[PDB]
Novice: 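Right, I'll just put the structure down here and ask away after.
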Amino acid sequence: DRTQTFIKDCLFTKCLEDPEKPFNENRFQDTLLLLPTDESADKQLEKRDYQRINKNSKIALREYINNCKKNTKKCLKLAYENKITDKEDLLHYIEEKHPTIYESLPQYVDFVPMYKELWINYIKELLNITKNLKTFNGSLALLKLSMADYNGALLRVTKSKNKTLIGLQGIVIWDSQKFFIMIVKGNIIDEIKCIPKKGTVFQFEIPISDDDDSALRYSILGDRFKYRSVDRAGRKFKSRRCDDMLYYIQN
Amino acid sequence: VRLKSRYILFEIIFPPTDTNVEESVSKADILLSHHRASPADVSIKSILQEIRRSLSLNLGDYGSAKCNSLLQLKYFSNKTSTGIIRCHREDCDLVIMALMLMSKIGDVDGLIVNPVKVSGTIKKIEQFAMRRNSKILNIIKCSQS
Amino acid sequence: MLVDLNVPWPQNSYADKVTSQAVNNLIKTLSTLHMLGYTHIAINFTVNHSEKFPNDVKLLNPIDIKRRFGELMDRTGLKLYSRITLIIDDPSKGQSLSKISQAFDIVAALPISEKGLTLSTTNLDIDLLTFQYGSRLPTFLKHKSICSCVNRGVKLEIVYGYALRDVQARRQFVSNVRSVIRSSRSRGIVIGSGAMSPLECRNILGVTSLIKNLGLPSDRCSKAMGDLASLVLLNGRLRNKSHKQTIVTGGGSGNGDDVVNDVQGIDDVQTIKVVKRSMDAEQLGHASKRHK
Amino acid sequence: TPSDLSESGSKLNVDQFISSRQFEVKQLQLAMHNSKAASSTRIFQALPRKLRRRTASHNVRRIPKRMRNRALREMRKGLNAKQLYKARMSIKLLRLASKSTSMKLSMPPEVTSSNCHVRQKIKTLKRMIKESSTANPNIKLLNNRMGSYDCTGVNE
Amino acid sequence: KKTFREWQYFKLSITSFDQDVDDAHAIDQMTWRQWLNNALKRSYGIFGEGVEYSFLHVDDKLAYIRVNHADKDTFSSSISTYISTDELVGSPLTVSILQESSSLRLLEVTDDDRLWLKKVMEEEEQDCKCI
Amino acid sequence: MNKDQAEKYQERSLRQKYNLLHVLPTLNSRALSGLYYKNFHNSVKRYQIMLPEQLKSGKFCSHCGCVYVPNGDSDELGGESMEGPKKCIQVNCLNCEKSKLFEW
RNA sequence: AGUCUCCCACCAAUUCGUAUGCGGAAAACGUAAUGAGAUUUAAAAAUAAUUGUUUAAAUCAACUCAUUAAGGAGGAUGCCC
RNA sequence: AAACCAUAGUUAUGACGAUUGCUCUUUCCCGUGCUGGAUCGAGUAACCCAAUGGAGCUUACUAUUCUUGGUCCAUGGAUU
Ligand SMILES: [Mg+2]
Ligand SMILES: [Zn+2]
């Protein structure tokens with residue numbers, strides 16, 4: 001195949017100005033294609049039931065949040081007007097004098113002992129917290145915690161972009177996708193706390209009191225807590241930029 | 001974002017340094033006595049080495065290092081003594097000053113380097129060279145009378 | 001805050017044994033760096049990729065930060081990190097980075113070829129991309145590759161400490177640095193000093209003057225040495241210490257105990273942090289109201 | 001033959017296509033140019049940007065979703081005035097889905113005009129339209145075949 | 001209605017890390033000038049040597065050099081590059097730029113050399129603005 | 001992740017979810033009941049393991065998601081009324097006012 | 001900038017003779033009212049183009065899909081009156 | 001053998017000087033205030049660059065690395 005190539009080279013030296021380019025940039029196709037370019041019933045029932053339960057639970061959670069947000073304001077204003085500082089006084093007062101408004105307010109005194117211990121036992125048995133601490137594995141424990149469930153957990157905001165969100169402790173009731181739901185207590189504060197996750201740092205401490213008084217210092221990062229696997233593994237991860245964490249080093 | 005190049009056109013002119021011989025005063029006579037010819041010992045690597053030596057001797061170390069990154073002689077022939085050197089747009093003035101500060105060749109003495117046209121494209125350089133060559137013939141034809 | 005990430009170690013292959021004079025010169029240069037002023041220093045350990053890597057873990061890191069550097073840091077007042085540069089030329093089969101990346105903190109690369117450069121930019125999980133400023137560049141660096149790599153992670157490193165070595169090396173150093181700055185769009189640039197003795201060290205103003213003479217502005221130089229250095233340290237610290245940026249074993253209560261800052265507290269043979277109980281459920285939530 | 005068969009289709013080979021026909025090309029070039037055939041320069045000039053056009057795609061087209069949905073409606077499925085327009089649009093959509101290639105490519109598989117029985121529907125709806133009491137000699141009678149009448153308003 | 005930059009001050013200091021050699025060997029004012037000329041000639045050609053500069057308040061490894069605003073970069077880049085070798089001491093010398101000032105307001109000690117320099121440049125600043 | 005330690009983690013997570021689905025709020029708060037019910041079911045769907053029909057029949061509510069419970073730990077009752085047939089057997093609750101009836 | 005789409009000759013018609021929410025020559029084009037949806041879905045994921053992150057998954061906001069043909073006349077309701 | 005044609009046209013859009021305007025901070029004044037005036041300064045950015053023309057869509061931009069308008073059943077403080 002020398003002669004016909006030379007002939008088409010002489011053919012290109014008439015039209016084109018540099019005849020040897022189409023062969024080097026591979027612009028002369030040797031081939032050109034000529035072709036037109038070319039037990040089910042219960043399953044349905046349970047799927048409908050689950051969809052309905054989800055759609056109802058969402059509205060129920062929204063209405064519960066709204067009711068709590070209104071009741072905190074109302075009770076706090078009534079307490080400020082009522083010449084009352086202590087919580088044990090305001091609680092009993094609104095008990096005797098405001099029957100209905102008391103059925104909606106929550107009781108953190110019972111929210112602590114059930115949730116905290118049932119979460120601590122589960123995490124202790126999951127991370128294999130033993131009387132001895134010579135049987136640990138850091139990377140595997142980190143993988144487990146990334147896979148672990150954090151419903152009913154105590155978390156503290158230690159660092160945040162906002163200077164006011166830091167230092168808040170609370171037990172969560174539901175894990176959303178953008179906001180974080182907890183409950184905090186004070187002398188008269190019973191605020192349901194909705195805190196943003198974009199730009200905040202959390203931490204959770206596990207008590208260990210075999211013989212000495214020790215605790216594990218763990219922490220999570222909300223910014224990258226949204227793209228984690230849930231309850232299992234085997235998900236393709238992507239390096240994002242690892243650049244929007246300047247607030248961590250700044251302060 | 002985009003590599004900006006700038007070519008410089010330079011010419012070698014030999015002044016008639018001879019006080020024992022009287023000269024004719026006109027346009028084409030001095031044009032011919034200044035554009036006589038270049039010597040045989042003339043090349044591209046011999047002019048590039050000379051200009052590199054001159055640049056390193058006049059500017060210095062960093063002054064030669066910054067210009068010697070894209071310092072090349074693209075087209076030059078000894079028949080007419082016109083050459084086109086490629087350089088950057090940042091160090092173009094330094095290359096022009098080095099061409100001005102060119103003292104002499106290692107074997108040939110008494111010559112001047114004249115920068116004529118500088119631009120960022122070779123097509124306009126060739127067009128200006130053709131225009132200058134056409135203009136040169138006019139005074140020659142007029143003086144041959 | 002000033003960070004120097006390219007302090008070379010007097011050793012290239014594991015067959016070498018470092019004498020006391022070299023570690024004493026390193027002690028002297030660390031004291032010199034602390035005298036004028038510095039905040040973070042990460043020493044480098046260069047090794048080649050082709051030869052076999054020892055099948056050990058407790059023998060892969062010949063730095064011993066705790067024994068000698070831990071003995072001098074209480075008098076010095078700064079922290080040290082271990083870094084390794086993988087000089088890769090051809091895609092050989094010897095590749096066990098899953099151990100070296102976990103044993104070390106920061107992993108960099110020094111490619112010589114184009115295929116090695118492409119594979120290290122795409123597939124190799126590294127932190128910094130260093131070029132041989134002593135030798136010539138492999139080929140013409142493109143813009144899109146460097147920009148996509150900066151957006152994806154790994155940035156380029158400029159070593160101004162090499163220009164103090166020889167006389168003919170400065171020309172190639174400048175010719176490489178200008179091309180790197182032009183092709184990287186002046187975004188992912190981290191500057192380091194590759195000096196083996198305290199005789200070739202400079203002040204921050206000298207570095208600023210040299211870089212601004214090279215072509216990069218001074219404010220961008222300060223920005224890249226202040227925040228881009230801390231971020232590239234945090235990346236290499238969190239990708240190893242923590243998981244893939246989901247759970248961190250370090251808890252910052254105030255402003256001094258950070259995963260990159262707190263180095264003596266966080267255990268390294270494991271990843272636990274034994275701290276006394278400071279968070280119970282009976283304390284008031286509001287930190288302004290919570291008083292001890 | 002310069003072309004070949006394949007499992008996919010019928011392909012053409014350029015090599016033999018021009019190698020077999022060389023003397024014909026030489027005769028054509030000598031018939032076009034007589035004095036410049038022996039020379040070797042650039043004869044043909046570049047295309048002016050004004051005459052230059054752009055390249056389209058190799059697909060046919062993409063149908064809108066509304067027309068496709070209405071075609072699906074009609075295919076799967078005294079009269080009031082709106083039921084006249086409904087039947088007219090129904091026959092129009094059937095004719096479209098019959099002729100249109102984009103609509104056919106947007107139609108669902110296992111659906112053809114024979115199974116949908118387009119012809120009987122067309123006949124029934126045309127019977128409805130002819131029952132719709134058309135007044136043709138009230139519309140007007142024109143002069144030619146292509147629509148061209150006079151729009152002249154006297155004192156208005 | 002603006003200000004013309006006459007020159008810029010540069011706080012230099014020879015910093016060699018050997019006290020055993022520093023206390024033994026002495027450094028005078030001609031050494032500084034010789035080192036500057038050698039640095040200029042080794043890093044640059046005549047371009048670097050033609051830099052205008054004087055000496056003010058020479059001390060033990062402390063000196064104040066005024067350099068024009070036009071070649072401040074050329075000065076500060078050659079200062080941070082060169083390292084003395086076999087000039088006057090067997091131990092190499094290098095200079096570290098302490099700070100820079102463009103308004104004569106700088107703080108070292110309670111001496112009056114700065115004061116008489118300021119006197120001269122006061123009677124010259126008013127003179128240059130008036131003329 | 002090792003398979004032997006992954007199986008154990010699976011059973012532990014299932015146990016923890018079912019335990020949190022019990023004590024105070026999943027009984028009282030219908031919102032949290034539905035939420036933790038949805039979470040447990042999304043967790044058992046990801047493992048693709050069949051669930052026991054014996055409990056799946058009368059497991060929870062379909063309107064809110066509370067345990068169907070009539071009247072060591074005194075707690076709240078889930079179902080307030082459970083009539084006879086009266087035409088056909090049905091069950092009602094307190095958390096909401098809907099009732100679910102099954103035919104013999 | 002981008003491997004996205006389309007116009008840049010006509011065709012009383014084998015030539016998308018398409019009166020189909022509105023504008024538009026076309027657009028793998030802009031926007032408006034209502035209802036619903038989340039690998040348990042019409043379809044996005046943890047067995048044509050583009051984007052480092054790449055819709056949502058308390059409420060809002062954002063994406064996708066499913067309906068509403070142009071003009072004139074009569075009755076009822078609501079507002080200034 | 002040409003159809004050769006751009007109020008940029010084939011990867012050219014260079015070198016500095018001067019003036020006005022904008023952001024915050026430094027101070028003064030009348031009458032709190034004013035698209036108020038006057039100095040002492042800094043900044044005028046980032047994304048990126050045409051190669052025949054127009055429209056639609058998507059994707060990169062604006063942290064002491066110029067700006068502007070509005071919203072938020074986001075939190076932080078104060079009054080009712
Ligand atoms: Mg382009
Ligand atoms: Zn219910």
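The figures that follow rest on heavy atoms only: side chains count, while hydrogens, waters and symmetry mates do not. Labels below follow one simple rule: chain letters A, B, ... track the order of the sequence lines, proteins then strands, and each chain is numbered from 1.
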Novice: State whether the number of non-hydrogen atoms from other residues, nucleotides or ligands found under 6.0 Å of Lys59(F) atom NZ is greater than 12.
Specialist: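 Above 12, so yes.
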Novice: For atom CZ of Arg156(A), is the number of surrounding heavy atoms from other residues, nucleotides or ligands below 6.0 Å larger than 12?
Specialist: yes
Novice: Is the aromatic ring of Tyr85(D) within stacking range of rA69(G), meaning centres under 5.5 angstrom and planes under 30 degrees?
Specialist: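 Stacking between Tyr85(D) and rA69(G): present.
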Novice: Under 4.0 angstrom, heavy atoms only, what part of the nucleic acid is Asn69(D) near: base, sugar-phosphate, or nothing?
Specialist: sugar-phosphate
Novice: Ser13(F) and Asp149(A): side-chain donor and acceptor closer than 3.5 Å?
Specialist: no
Novice: When you check the gap from the basic side-chain N to the acidic O, do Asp219(C) and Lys223(C) get nearer than 4.0 Å?
Specialist: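 No salt bridge links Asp219(C) with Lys223(C).
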Novice: Rounded to whole angstrom units, what separation is found between the CG atom of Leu93(D) and the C1' atom of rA69(G)?
Specialist: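 Those two atoms, CG and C1', are 12 Å apart.
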Novice: Taking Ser102(E)'s backbone N and O only, do any of them form a donor-acceptor pair with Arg105(E)'s side chain (distance below 3.5 Å, no angle check)?
Specialist: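 Checking the backbone N and O of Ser102(E) against the side chain of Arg105(E), no donor-acceptor pair under 3.5 Å is found.
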Novice: For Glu126(B), is there an ion pair with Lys123(B) - N to carboxylate O distance below 4.0 angstrom?
Specialist: no
Novice: Does the ring of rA58(G) sit north or south, if a positive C1'-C2'-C3'-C4' angle means north and a negative one means south?
Specialist: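 North pucker for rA58(G); the sign of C1'-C2'-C3'-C4' is positive.
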Novice: Measure from CD1 on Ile65(A) to P on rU59(G) and round the result to the nearest Å.
Specialist: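 Rounded to whole Å, this separation is 11 Å.
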Novice: With sugar-phosphate meaning primed atoms plus P, OP1 and OP2, does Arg73(D) contact a base, only sugar-phosphate, or nothing at under 4.0 Å between heavy atoms?
Specialist: sugar-phosphate
Novice: When you match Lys1(E) and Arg220(C) each to their closest nucleotide on RNA chain H, which lands nearer the 5' end?
Specialist: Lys1(E)
Novice: If you look at every strand shown and take non-hydrogen atoms under 4.0 Å, does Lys238(A) touch a base, only sugar-phosphate, or nothing?
Specialist: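 Since only primed, P, OP1 and OP2 atoms lie under 4.0 Å of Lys238(A), the category is sugar-phosphate.
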Novice: Can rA13(G) be described as syn, meaning its chi torsion is within 90° of 0, or is it anti?
Specialist: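 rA13(G): syn.
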Novice: Is the ring centre of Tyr227(A) under 5.5 Å from the base ring centre of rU53(G), and are the two planes under 30° apart, so that they stack?
Specialist: no
Novice: Which listed nucleotide (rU67(G), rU41(G), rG52(G)) is nearest to the side chain of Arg241(A)?
Specialist: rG52(G)
Novice: Please work out if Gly147(D) contacts a base, only the sugar-phosphate, or nothing of the nucleic acid, heavy-atom cut-off 4.0 Å.
Specialist: base
Novice: For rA1(H), tell me north or south, taking a positive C1'-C2'-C3'-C4' torsion as north and a negative one as south.
Specialist: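 Pucker flag: south.
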Novice: Does any pair with a residue in residues 242-251 of chain A pass salt bridge (charged side-chain N to carboxylate O under 4.0 Å, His left out), and if so which ones, sequence neighbours excluded?
Specialist: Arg224(A)-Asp244(A)
Novice: Say you pick atom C1' in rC72(H) and the same atom in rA58(G); how far apart are they, in whole Å?
Specialist: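 My reading of the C1' atoms in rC72(H) and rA58(G) gives 15 Å.
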Novice: Which dot-bracket string describes RNA chain H (Watson-Crick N1-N3 plus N6-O4 or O6-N4, or G-U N1-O2 and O6-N3, all under 3.5 Å; [ ] crossing; | other strand)?
Specialist: .....................((...(((......)))...)).........|.||........................
Novice: Just curious, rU35(H) north or south if you read off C1'-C2'-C3'-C4'?
Specialist: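 Here the torsion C1'-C2'-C3'-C4' comes out negative, placing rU35(H) south.
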Novice: Could you tell me from which nucleotide to which nucleotide of RNA chain H, 5' to 3', there is an atom under 4.0 Å from chain B heavy atoms?
Specialist: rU11(H) to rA50(H)
Novice: Is there a donor and acceptor pair, one atom on the side chain of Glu46(A) and one on the base of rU40(G), closer than 3.5 Å?
Specialist: no
Novice: Does the cation-pi check pass for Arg228(A) over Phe225(A), that is, NZ or CZ under 6.0 Å from the six-membered ring centre and within 45° of its axis?
Specialist: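 Verdict for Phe225(A): a cation-pi partner in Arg228(A).
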Novice: Evaluate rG30(G) against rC22(G) for Watson-Crick or G-U wobble pairing; both distances have to be shorter than 3.5 Å.
Specialist: yes
Novice: Please work out if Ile181(A) contacts a base, only the sugar-phosphate, or nothing of the nucleic acid, heavy-atom cut-off 4.0 Å.
Specialist: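 Nothing, no heavy atom under 4.0 Å.
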Novice: Rounded to whole Å, please give me the gap between CD1 in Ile59(A) and P in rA36(G).
Specialist: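 Result: 10 Å.
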Novice: Distance under 6.0 Å and angle within 45° of the ring axis: does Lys238(A) meet both against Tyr227(A)?
Specialist: no
Novice: Of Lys58(A) and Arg68(D), whose closest RNA chain G nucleotide lies nearer the 5' terminus?
Specialist: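 Its nearest nucleotide being more 5', the pick is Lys58(A).
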Novice: Looking at every strand, decide which applies to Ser239(A) at a 4.0 Å heavy-atom threshold: base, sugar-phosphate, or nothing.
Specialist: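 It contacts sugar-phosphate atoms only.
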Novice: Please work out if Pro217(C) contacts a base, only the sugar-phosphate, or nothing of the nucleic acid, heavy-atom cut-off 4.0 Å.
Specialist: nothing
Novice: What's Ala46(D) touching, base or sugar-phosphate or nothing? Going by heavy atoms closer than 4.0 Å.
Specialist: base
Novice: Would you mind classifying the nucleic acid contact of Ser176(A) as base, sugar-phosphate or nothing, using non-hydrogen atoms under 4.0 angstrom?
Specialist: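 The answer is sugar-phosphate, as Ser176(A) gets under 4.0 Å only of primed atoms, P, OP1 or OP2.
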Novice: Rounding to an integer number of Å, can you tell me how far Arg70(D) CZ sits from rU18(G) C1'?
Specialist: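 These atoms are roughly 11 Å apart.
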Novice: For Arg46(F) and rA38(G), give me the distance from atom CZ to atom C1', rounded to whole Å.
Specialist: 12 Å
Novice: Is it the case that over 12 heavy atoms from other parts of the model lie below 6.0 angstrom from the CZ atom of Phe44(D)?
Specialist: yes
Novice: Is there stacking between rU35(H) and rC34(H) - six-membered ring centres closer than 5.5 Å and planes within an angle under 30°?
Specialist: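 Under the 5.5 Å and 30 degree rule, these bases do not stack.
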Novice: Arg187(C) near the nucleic acid: base, sugar-phosphate alone, or nothing, with a heavy-atom cut-off under 4.0 Å?
Specialist: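 Sugar-phosphate only.
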Novice: Taking any strand in view, what nucleotide pairs with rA33(G) in a Watson-Crick or G-U wobble way, both distances under 3.5 Å?
Specialist: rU67(G)
Novice: Pick north or south for the sugar of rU40(G); the rule is positive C1'-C2'-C3'-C4' for north, negative for south.
Specialist: south
Novice: Considering every strand and a 4.0 Å limit on heavy-atom distances, what is the contact class for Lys69(A): base, sugar-phosphate, or nothing?
Specialist: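 Sugar-phosphate contact only - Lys69(A) comes under 4.0 Å of backbone atoms but never of a base.
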Novice: For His33(D) and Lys77(A), take the nucleotide of RNA chain H holding the closest heavy atom to each; which residue's nucleotide lies nearer the 5' end?
Specialist: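 It is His33(D), whose closest nucleotide lies nearer the 5' terminus.
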Novice: Can you work out whether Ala81(D) or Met103(D) has the more 5'-proximal nearest nucleotide on RNA chain G?
Specialist: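 Looking at RNA chain G, the more 5' nearest nucleotide goes with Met103(D).
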Novice: When the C1'-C2'-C3'-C4' sign is the only test used, does the sugar of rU18(G) come out north or south?
Specialist: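 A south sugar, the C1'-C2'-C3'-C4' torsion of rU18(G) being less than zero.
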Novice: Indicate syn or anti for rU11(H), taking the glycosidic torsion and treating anything within 90° of 0 as syn.
Specialist: anti
Novice: We want to know whether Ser104(A) and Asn71(A) form a side-chain donor-acceptor pair, criterion being a heavy-atom distance below 3.5 angstrom.
Specialist: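 Yes.
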Novice: Rounded to whole Å, please give me the gap between CE in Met245(A) and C1' in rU53(G).
Specialist: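 Distance check: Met245(A) CE to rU53(G) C1' gives 14 Å.
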Novice: So which nucleotide from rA56(G), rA19(G), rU59(G) ends up closest to the side chain of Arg62(A)?
Specialist: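 In terms of side-chain proximity for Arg62(A), the closest of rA56(G), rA19(G), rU59(G) is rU59(G).
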Novice: Report which part of the nucleic acid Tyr80(A) touches: base, sugar-phosphate, or nothing (heavy-atom distance under 4.0 Å, all strands).
Specialist: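 Answer is sugar-phosphate: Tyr80(A) comes under 4.0 Å of backbone atoms only.
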Novice: With a 4.0 Å cut-off on heavy atoms, is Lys193(A) in touch with a base, just the backbone sugar-phosphate, or nothing at all?
Specialist: sugar-phosphate
Novice: Might you work through the side-chain contact (heavy atoms from CB on, under 4.5 Å) test for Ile122(B) and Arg86(B), ending with a clear yes or no?
Specialist: CA-CA 10 Å; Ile122(B) 190 173; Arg86(B) 184 183 180 181; over 6 Å; no
Novice: At 4.0 Å (heavy atoms only), tell me whether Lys36(D) reaches a base, stays on the sugar-phosphate, or touches nothing.
Specialist: sugar-phosphate
Novice: If you count heavy atoms of other groups shown closer than 6.0 angstrom to NZ of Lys161(A), is the number above 12?
Specialist: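 Counting other residues, nucleotides and ligands, NZ of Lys161(A) stays at 12 neighbours or fewer.
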Novice: Taking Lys82(D)'s backbone N and O only, do any of them form a donor-acceptor pair with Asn80(D)'s side chain (distance below 3.5 Å, no angle check)?
Specialist: no
Novice: Figure out the NZ/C1' separation between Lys38(F) and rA38(G), and round it to whole Å.
Specialist: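 Atom NZ in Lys38(F) sits about 10 Å away from atom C1' in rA38(G).
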Novice: Separation of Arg62(D) atom CZ from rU18(G) atom P, in whole Å?
Specialist: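 Spelled out: CZ on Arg62(D) to P on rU18(G) is 20 Å.
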